[PDB]
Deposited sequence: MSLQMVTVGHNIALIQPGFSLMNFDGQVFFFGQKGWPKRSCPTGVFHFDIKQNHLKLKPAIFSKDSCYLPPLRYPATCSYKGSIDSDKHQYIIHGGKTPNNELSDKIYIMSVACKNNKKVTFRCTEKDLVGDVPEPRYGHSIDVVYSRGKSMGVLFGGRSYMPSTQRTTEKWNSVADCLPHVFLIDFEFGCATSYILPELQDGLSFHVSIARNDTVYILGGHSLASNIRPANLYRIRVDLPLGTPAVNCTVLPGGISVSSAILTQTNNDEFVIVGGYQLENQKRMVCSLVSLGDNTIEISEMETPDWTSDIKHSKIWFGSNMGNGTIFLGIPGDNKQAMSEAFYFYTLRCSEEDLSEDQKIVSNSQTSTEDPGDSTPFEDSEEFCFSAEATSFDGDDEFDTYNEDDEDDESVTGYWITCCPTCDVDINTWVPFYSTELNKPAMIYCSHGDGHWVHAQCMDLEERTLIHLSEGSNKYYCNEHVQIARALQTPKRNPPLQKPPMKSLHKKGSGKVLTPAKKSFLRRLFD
């Protein structure tokens, strides 16, 4: 585990806590900039390019049939292999939550310049409310695909929201939604094994299962060490959703998940408590039925990450994490965040 510091070019102030890195054909891209998109990059999607420890954000255009999407600040991202990305929820820079589904895919590729296609999908049926901090995954059962959405954080409903507590959030219901990307339908399922709400959790996707571990609840204000396997069966009739509580979970919130090897995942970062930060990493090795979470060695954290209060970041896709640290008391300029790159 090698930790390496990365210098950023003339646009340090676009990376904010809550960005999301997507991966297309081995190239890394950027989404969720700070503020509304400027005239130098009207789309907000950037070319995440780190080479010899220097980061350059280059603009990326859209196709003519695209929808120009706002920078969402805490969405639910998943890959869907023809290879594309599904995003749901998030925070508009005016601090309103969205319920749209955008599908990002490569329209045409030229010599080191990529044009994207962003399509907004209609969602009818038992739709989820606008939220953030949730997760989405795609499962494959009997030659069909389905999107499994678990709950996150949202505002109070419109008959319960006062202006003295306008920005107060509450955890969503623990229902599980099955999102079909062919027709844009969603059905909810009440499962008795899921009683508490959950947010900022990790969700690993096997063939027909979704392993949901970690998270943080707002009602009891603890981070439970629970692990749930959501098995989805897809017959010709209605689907069958079955949750199963397993031992071996970890008390984890806002962690970063990467896939270094096939059927092998690494949990990096997160928060175990409020004032206490999680400096250990967890190695998750999937199987056909059983999973196990073991210890790996602690990477050599520097002196400014061990004494930082918060971090953020996401997964670049090549078994490599891009995490950030708040800089030298912001001030005017001179870099507000200290970025790093961790390899596995």
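- Absence of C-alpha coordinates is noted for several segments of the deposited sequence, namely 82-87, 351-527.
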